[PDB]
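Visitor: Partial complex follows, first chain(s) only, in situ:
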Amino acid sequence: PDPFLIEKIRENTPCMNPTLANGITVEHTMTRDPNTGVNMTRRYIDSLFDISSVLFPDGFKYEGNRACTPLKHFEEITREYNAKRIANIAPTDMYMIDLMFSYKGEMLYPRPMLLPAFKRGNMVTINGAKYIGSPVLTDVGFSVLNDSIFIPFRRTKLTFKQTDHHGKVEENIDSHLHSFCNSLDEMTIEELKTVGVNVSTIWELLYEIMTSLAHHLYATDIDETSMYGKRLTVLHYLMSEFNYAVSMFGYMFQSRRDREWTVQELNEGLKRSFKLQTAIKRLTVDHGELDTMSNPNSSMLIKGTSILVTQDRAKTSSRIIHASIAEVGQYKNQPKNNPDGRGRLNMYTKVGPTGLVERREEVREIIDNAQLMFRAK
Amino acid sequence: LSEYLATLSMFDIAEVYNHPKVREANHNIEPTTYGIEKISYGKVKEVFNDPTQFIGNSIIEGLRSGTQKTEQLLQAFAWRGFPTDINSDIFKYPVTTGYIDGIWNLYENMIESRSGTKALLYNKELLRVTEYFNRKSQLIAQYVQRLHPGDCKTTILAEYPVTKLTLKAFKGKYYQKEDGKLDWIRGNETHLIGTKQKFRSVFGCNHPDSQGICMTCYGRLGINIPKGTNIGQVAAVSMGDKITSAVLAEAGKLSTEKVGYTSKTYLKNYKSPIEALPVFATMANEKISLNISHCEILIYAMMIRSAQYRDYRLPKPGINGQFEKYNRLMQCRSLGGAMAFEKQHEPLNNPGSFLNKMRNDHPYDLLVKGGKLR
């Protein structure tokens, strides 16, 4: 065609978001800072291990992480177990890190761990097969279901209908109350409760549920269909098998006993808690955010990085039309799994830091004009 | 006929769009259901039916010939009216434009996009439960078979009341009129709309076959059936295709209601089946177009003589009319047919199945024993 016509089309065209068209998994995973070379997965591990530092005994200390050499990786993969070195020849993106704990100096044996090594365009090969890792739309704060209210925690997954987790019964209610008051003070969850629930301890959270969140059971203000104000986590569901091992390792020093340890029990517990495939064994069998790549094309904007999953699709009414669907999602795009058009990624949305979905300004008048025309009956 | 090929272009759209009676029905129209479905749609439905207006246009000539539907043309050349949500909730303000002049407002197009959302709720449980319903109906309907042409010559004529709604179900049926021998209805009688007419049904005629019927008892539907064809399965098939087409208001509730009536104990056990046929007829024919010759077979398949002596066999006179449950019919009769239904091991450890009683014969009996002649 005419080059001036394509120039005028390029001059009058809204540009897509470069962070979402290239993949937000590229941004929120393996993005090195200019100060030092540390990926965002290693930063998430470093921010997860210091939370459970108050559950550690005196002298025990987690001391960063270091990148492993491939000469160490080849010996750690092909480890002789039964006089046979089983090398798995398969194209798989992985990289190996360490843990490097210490107990009053004299640091112990390092525990290597594998990491999935994502690539550009939300694409990763595992065990020969290609896969796509999509982010999950997660609301900031608490979730309001049709019956009860749900809060996310690092170790408990309880709902709220008179139910909690679980002569000689006097020590069970004491061992529960021991861990109930200090282990539920995770700092990242205190930064997650910035929606107005400003608590310090869980005993104030149970009070503020009863005096402020008590009307969220029958006359809640949550619209239950709006996609505004979300976190868009991709790393919270990817490391779900590693956080479980972190919580089970933190249960050793607090829930079981609080006595003096030695290096022979600490090395045994470190070998029994952190194996080689902690975050790798349940990646392609239970994680609903990882899908099989079946795109016979060259563009990644069609089915590569334009897939979103809800909070119910990650586990492997609410389908009311909302005016926020046309802003952050893609309406008139109805697959078989999500026929309402809720799981879709529109590139023309405003996303700031840490995946926080913020609203725009140029389309706000049309959305406010169309929203009040919906819910009037 | 190769020179006369129908075509479609922009000119065929502009020929029907530029009519003044169509353009008058799209301007000065209040957004009301009466103002759209009765006022706006009527002024274009009265000009689509005019045979002296559009001569040569392929769309109108295909509409009058039964190819194109008029329900899909009122949503394009006239005002589209009130698309719905996932649930059956209508909206207050409808869409102004149609499909020729497209929808270009965000609110109206977002309502219109929810009209195609209900066309994807195609979960596998529905296709599983309709196949389970077909397997439950046909396995018990397959007992009666091998109708014979002729006349069994019985005077045990039953009597049924005929109404307006079930008159199509009595199309091919022989009845007894005054000063006459036999006559078939064929469905053109405005009279006999409230009386109780004496018919000739399968309940109570005498044929020498233990599981067969005659042509005059079944009606005029038997000559449309081929000679080597099971009359037992085709009743459940003729029910099930209309049920699946109703599946594809709350047709699953209708399917479970027909399951509870036919293959359960939800019906009150009447003394005679002549009062069980019109209730099932007025329950079925009000929503599913089904002939009563199939309903007679579906009722006769649950009939057992001498229930106090465990003689699980079909009686040839239908005047007895003793009905029991569906599972007792599946287990205590024709074990070769019992191996085809669920819970195969329960007829095995039963003391009633180890004694030689005279019983019926399922067609599956040859597949169980491998294909032996005796």
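Guide: All right, it came through fine. Numbering: from 1, shown residues only, chains lettered A, B, ... in the order given.
Visitor: Write out the residues of chain A neighbouring chain B.
Guide: Residues of chain A lying near chain B by Cβ under 8 Å from any Cβ of the partner chain: A:317, A:319-321, A:323, A:325-326, A:331-332, A:334, A:336, A:339-341, A:366, A:369-370, A:373-374, A:376-377. Backbone N, C-alpha and C define where each C-beta goes, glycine included.
Visitor: same thing but 10 Å
Guide: A:317-323, A:325-326, A:331-341, A:363, A:366-367, A:369-377 (Cβ under 10 Å from any Cβ of the partner chain).
Visitor: For ChimeraX, write the selection for the buried entries among those residues.
Guide: Burial among these is assessed by 16 or more other Cβ atoms under 10 Å in any protein chain shown; the matching ChimeraX selection reads:
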select /A:319,320,321,322,323,325,326,331,334,338,339,340,341,367,370,373,374
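Visitor: Show only the entries of the residues of chain A next to chain B found in helices.
Guide: A:325, A:326, A:366, A:367, A:369, A:370, A:371 (DSSP state H).
Visitor: Can you name the two of these that sit furthest apart?
Guide: Spanning the widest gap among those are A:325 and A:369, at 15.3 Å by Cβ to Cβ.
Visitor: Now the stretch 51-200 of chain A against chain B: closest residue?
Guide: Using Cβ to the nearest Cβ, the single residue of the stretch 51-200 of chain A nearest to chain B is residue A:146, 14.3 Å away.
Visitor: hang on, isn't that residue packed against residue A:317?
Guide: Yes: at 7.7 Å, residue A:146 counts as touching residue A:317 under the criterion of Cβ atoms under 10 Å.
Visitor: Now do the shared contacts for those two.
Guide: Here residue A:146 and residue A:317 share the contacting residues residue A:224, scored by Cβ atoms under 10 Å, 6 or more residues apart in numbering or on different chains.
Visitor: quick one on the thing from earlier: ok, of the ones in helices among the residues of chain A next to chain B, which one's closest to residue A:216?
Guide: Closest approach to residue A:216 among those (Cβ to Cβ): residue A:371, at 21.7 Å.
Visitor: can I assume the closest one is in contact with residue A:324?
Guide: Yes: with contact defined as Cβ under 10 Å, residue A:371 and residue A:324 form a contacting pair (8.4 Å).
Visitor: any shared contact partners between the two?
Guide: Shared contacts of residue A:371 and residue A:324 (Cβ under 10 Å, 6+ apart): A:223, A:226.
Visitor: does the residue of the stretch 251-374 of chain B found nearest chain A sit in a helix, a strand or a coil?
Guide: Going by Cβ to the nearest Cβ, chain A is nearest to residue B:252 of the stretch 251-374 of chain B, at 18.4 Å. With DSSP: H, G, I helix; E, B strand; the rest coil as the basis, the three-state label of residue B:252 is helix.
Visitor: here's chain C, drop it onto the model above:
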Amino acid sequence: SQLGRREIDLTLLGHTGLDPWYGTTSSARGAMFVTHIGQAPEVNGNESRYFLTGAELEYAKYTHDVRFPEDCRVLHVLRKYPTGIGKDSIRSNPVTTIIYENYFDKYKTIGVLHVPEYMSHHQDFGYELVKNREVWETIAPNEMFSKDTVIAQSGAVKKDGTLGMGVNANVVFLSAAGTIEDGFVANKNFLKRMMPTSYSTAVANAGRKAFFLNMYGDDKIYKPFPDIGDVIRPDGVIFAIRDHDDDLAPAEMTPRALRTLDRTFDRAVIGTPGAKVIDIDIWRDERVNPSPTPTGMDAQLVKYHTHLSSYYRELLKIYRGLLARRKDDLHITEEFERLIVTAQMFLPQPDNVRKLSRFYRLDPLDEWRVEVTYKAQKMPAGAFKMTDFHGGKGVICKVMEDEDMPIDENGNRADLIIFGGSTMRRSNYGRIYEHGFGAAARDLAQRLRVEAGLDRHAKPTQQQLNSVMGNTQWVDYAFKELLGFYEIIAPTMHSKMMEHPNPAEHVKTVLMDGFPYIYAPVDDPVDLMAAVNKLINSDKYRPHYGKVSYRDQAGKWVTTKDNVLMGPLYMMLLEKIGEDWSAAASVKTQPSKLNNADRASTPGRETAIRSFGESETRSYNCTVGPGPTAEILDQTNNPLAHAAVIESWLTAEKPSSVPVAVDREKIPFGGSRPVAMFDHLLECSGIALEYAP
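Guide: Take a look at chain C, now in place beside the chains above:
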């Protein structure tokens, strides 16, 4: 009403904004249009759409390609399989591996980048990577490259910023007999331009269990597989495998039997007959002290294995030199470390360390693992699905010649015949404005071509295009005519190009290709039927609404009666073409005829198809008599009847129309395997299923 005004931006439509007239089509068909995108392969002939919106410029900037992630400098440039002169002079280098050092950083991290010959994500569908000729010449061991300098672009990305997702075809709307149940009557010359590419990979092993065979050569050479850049045989057998025996050496280990292929007692690999070999990868265990393969068969294997071992040895030597130079300060990317441990897995272990046991997803290899990757071009004949970027999709049911296609009175030849009556049923009217307005466009572009001295339906040369431009008044009148046509069609594009510098170049770029590319975004102040009535009720800008001549099913030149308009439409090919077919006269049995493994040793599938379910045998018991419907199951569940039907097929003078195959006097009823198994399992319980009067 306000039919002209509209407020919908491109920011609110995710994938719906790729085509205009989105409000005219239905919601379900508009969703099926987005569903059809993402199932489309890349054909060889790609071109831009005639009605370009503002969306295709944004989808062309985010594709799968080989780009530099950061400002860096190239350190080393390696390549597998070096091409020179001699006996080891294999051509068509598939991949090149380059290593860079990340410039402008506090820690100089080292990275790696592979440039392959192709890229494929689907199992049997992929596209080639054409290389940028400017960047590929500047590939040096001392060269600084900036961020996002693309290498090896795809075929859909053109020189300017566009995206080719389909082919423009002259679609005629006729009620032909071939257009039954969404049927397409495609031209033979149009299907040559819609030709997808399939990249496949076949892998085999040959060790102590079995060894190779001698194809692709005479009795003075041994070649178990074709070389890189060779053609596969007319039969699809590639690296057929024969079992390992000792006492059958003068019978099977002879140069006559190594050349011929036995279809039974062997394991071959069937692929595509006409296809070029692209890549070859050979793994080898070289630590066993007995060599299982005989001599004279391991030349072409080691010819690739030595080059691959030298490549991986240099790849490990570079990392070892970088580790010896920069001690305790090396930073590496997450792709390079996997490449180094892969190079360590390929290279053999020393004698002081135990040897490796290589596995491929719980499948061990035995001393050889050869995988080839080949490329074929698939020509569509039947059961190919197509879509005009709307809800209306179809399947090609009849392929006519180029001379038997519908042609109008202006010489335009049709490429597709689609039934028009399905438009009013499914309510997809966006195909009406695309077929119509383009018919008002090309007939304009063929008018301004024929108004001067030129020839229509033919690309003009430079000597004529440089001689037409001498008349400035004629090109000014043509520019005014094009501006009037744009004012009729698209007022935003017309107001854009009202201030156009050097307007003779617009006339040149219109008369070069024979179509004016019309820009039509999603926010247009256009009354569509008013523009239709302006195009119809006018002397100029009117399409040729005349008669159309064609050829019917018989041999006759047929001219239609009604005036038929032919217009352009942008078509594409879809997924699920006809290749998953099966045919089996005999299937292997269980030690009861079910097989589920890597079944690629026969052309097409050889598995038994469960055509007789429970409902199928119920309908065959009711409609067909219960007698003859048990013989169909007894000819399968009994192996003696399965041998007897082949004996009756092979002993009769007529293979078809045989009266009796399995007589019930020698092989009677009662020899079924699951029936006897159930009878035995019930006999050990203590009861029996019989009857007596």
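Visitor: can you map out the helices along chain A?
Guide: Taking DSSP H, the helices of chain A run over residues A:3-11, A:18-21, A:24-28, A:40-49, A:70-77, A:172-182, A:187-192, A:202-211, A:235-238, A:240-251, A:263-273, A:325-328, A:364-371.
Visitor: what sits against residue 148?
Guide: The chain I'm using is chain A. A:158, A:159, A:160, A:161, A:163, A:216, A:217.
Visitor: Wait, chain C was what I had in mind.
Guide: Counting by Cβ under 10 Å, 6+ apart, residue C:148 touches C:61, C:65, C:67, C:68, C:69, C:70, C:71.
Visitor: What strand or helix carries it?
Guide: Using DSSP states H and E, residue C:148 sits in no helix or strand.
Visitor: The stretch 101-250 of chain B: helices as residue ranges?
Guide: B:106-113, B:124-141, B:215-218, B:231-247 (DSSP state H, counting those that start in this stretch).
Visitor: most packed of these?
Guide: Comparing those by mean neighbour count (mean count of other Cβ atoms under 10 Å in any protein chain shown), helix B:106-113 ranks first with a mean of 23.
Visitor: Out of the contacts of residue C:148, which comes closest to chain B?
Guide: Within the contacts of residue C:148, the smallest distance to chain B is 26.6 Å, found for residue C:61 (Cβ to the nearest Cβ).
Visitor: Give the closest residue to the residue of the stretch 201-350 of chain A found nearest chain B in space, chain neighbours not counted.
Guide: Distance from chain B to each residue of the stretch 201-350 of chain A (Cβ to the nearest Cβ) is smallest for residue A:339, at 4.1 Å. Of all residues not flanking residue A:339 in the chain, residue B:120 sits nearest, at 4.1 Å (Cβ to Cβ, 6 or more residues apart in numbering or on different chains).
Visitor: List the contacts of that neighbour.
Guide: A:334, A:335, A:336, A:337, A:338, A:339, A:340, C:28, C:31.
Visitor: Can you select the buried ones from the contacts of residue A:148 in ChimeraX?
Guide: Command for ChimeraX, covering only those of the contacts of residue A:148 found buried under the criterion 16+ other Cβ under 10 Å:
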select /A:160,216
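Visitor: Most widely separated two among the contacts of residue A:148?
Guide: Taking Cβ to Cβ, no two of the contacts of residue A:148 sit farther apart than A:163 and A:216, at 17.0 Å.
Visitor: burial measure for the nearest residue to residue C:174 once chain neighbours are set aside, as a count.
Guide: Distance criterion Cβ to Cβ, 6+ apart; nearest residue to residue C:174, sequence neighbours excluded, is residue B:5 at 4.9 Å. By other Cβ atoms under 10 Å in any protein chain shown, the residues close to residue B:5 number 22.
Visitor: attach chain D to the model above:
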Amino acid sequence: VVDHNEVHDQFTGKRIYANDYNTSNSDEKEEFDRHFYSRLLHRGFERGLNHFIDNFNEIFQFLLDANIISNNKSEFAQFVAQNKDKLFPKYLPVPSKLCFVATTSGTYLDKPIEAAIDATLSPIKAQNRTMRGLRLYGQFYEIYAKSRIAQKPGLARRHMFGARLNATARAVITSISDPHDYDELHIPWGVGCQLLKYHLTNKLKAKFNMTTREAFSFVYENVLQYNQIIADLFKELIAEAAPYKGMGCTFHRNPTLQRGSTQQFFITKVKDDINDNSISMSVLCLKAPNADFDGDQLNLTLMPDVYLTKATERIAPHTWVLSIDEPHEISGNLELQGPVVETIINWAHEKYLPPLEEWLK
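Guide: Chain D now in position relative to the chains above:
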């Protein structure tokens, strides 16, 4: 009810009646297990296992006590007194090796296999162990008739009612828009080259001087390659059917509810284009099953005999013409398609002649 003493004296095989009676697992698990193993009153008389067992009478029952506390059945005593011989003989049979399937890195076994406890074995303890083994026999046979027979994947509903037939094919469908007959099928080259292999072998051993190995190589070589000899042999094999139009075959639909889902056609033409892999069907037969061109794969079986082709005449394209709902009405499957009707609409319903007033004036 089968006499267990009648089956163990008329065996005349290996006559190894002592399986557990002689072996004692003294270095015999490597030999007796892999080479050999790799009327039960407890089935019927099992209404007494709620929280107490009425079968605590261990040994020497001498069943003559009519103490029956049961409300479900009253003819159980008549069933006992009809054939009193029930679990009386000493020779109980052992299930065969085909019922238990045993490889790879890990030995995989199935959970209903719990009958190997009887192969591994004072009188008051041995007599209790015999009834322990008899209760294990009943617990094995009940769970094997419940989990391997009563389930929908099982011996009864999957293998006893037919599965995976031979001489079959499965492919997508197209239409024939031609002057043809209502029962004509067009098999492609790749399907017809493998469905008719022994027919081509017979024709190549009859018309040419070839062995069966060279004939098999000529058949398997020309599957993805067109040649004139295989096409001429296909035309000869079509022309060999003297009273029929070709080879009789059956054609199915995967949802099979109505009569039209299972039809019988005749193979009449093998296609020459190797790229076309689809079976082309008649236009008028498209309506009786719900079959469209939406990428669906449909099944086909080949009738070998003349008697089988005559017996398959009960399912024909002419059998579903008459409706099964109305007594005198042809069903709607005879109705023509859209573009077939529209040409007759444009031809007949046209302003062709002046009206009757102008015609006679």
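Visitor: The contacts of residue A:148 with chain D there, same question as before?
Guide: A:158, A:159, A:160, A:161, A:163, A:216, A:217.
Visitor: ok, so of those, who is nearest residue D:175?
Guide: Nearest to residue D:175, judged by Cβ to Cβ, of those is residue A:159 at 56.9 Å.
Visitor: and the gap between the closest residue to the closest one other than its chain neighbours and residue A:160?
Guide: Residue nearest to residue A:159 in three dimensions, not counting chain neighbours: residue A:148, with 4.7 Å by Cβ to Cβ, 6+ apart. Between residue A:148 and residue A:160 the distance is 5 Å, computed by Cβ to Cβ, to the nearest Å.
Visitor: Which residues are in contact with each of the two?
Guide: A:216, A:217.
Visitor: Specify the local secondary structure of the residue in the stretch 1-150 of chain D that chain A sits nearest to.
Guide: As assessed by Cβ to the nearest Cβ, chain A sits closest to residue D:105 within the stretch 1-150 of chain D, at 10.2 Å. Secondary structure, three-state DSSP: residue D:105 is coil.
Visitor: measure it to residue C:526 for me?
Guide: To residue C:526, residue D:105 is 69 Å away according to Cβ to Cβ.
Visitor: circling back: just give the nearest non-adjacent residue to the residue of the stretch 1-150 of chain D closest to chain A, would you?
Guide: Leaving aside its sequence neighbours, residue D:105 sits nearest to residue C:362 (Cβ to Cβ, 6+ apart; 7.4 Å).
Visitor: cool, and residue D:170?
Guide: For residue D:170, the spatially nearest residue (Cβ to Cβ, 6+ apart) is residue C:609, at 4.3 Å.
Visitor: First-to-last residue distance for stretch C:403-416?
Guide: With Cα to Cα, to the nearest Å as the measure, stretch C:403-416 spans 14 Å from end to end.
Visitor: swap in stretch A:192-203?
Guide: 17 Å.
Visitor: residues making contact with that stretch?
Guide: Here stretch A:192-203 has contacts from A:138-142, A:151-153, A:180-186, A:189-190, A:204-209, A:212-213, A:229, A:231, using Cβ under 10 Å, 6+ apart.
Visitor: contacting residues for residue 314?
Guide: Chain wasn't specified; assuming chain A. Contacts of residue A:314 by Cβ under 10 Å, 6+ apart are A:134, A:136, A:137, A:138, A:233, A:236, A:237, A:240, A:286, A:287, A:288, A:289.
Visitor: Please refer instead to chain D.
Guide: Contacts of residue D:314 by Cβ under 10 Å, 6+ apart are B:226, B:227, B:228, B:229, C:620, C:622, C:623, C:624, C:625, C:628, C:629, D:264.
Visitor: do you know how far residue C:392 is from chain A?
Guide: Distance, residue C:392 to chain A, using Cβ to the nearest Cβ, to the nearest Å: 17 Å.
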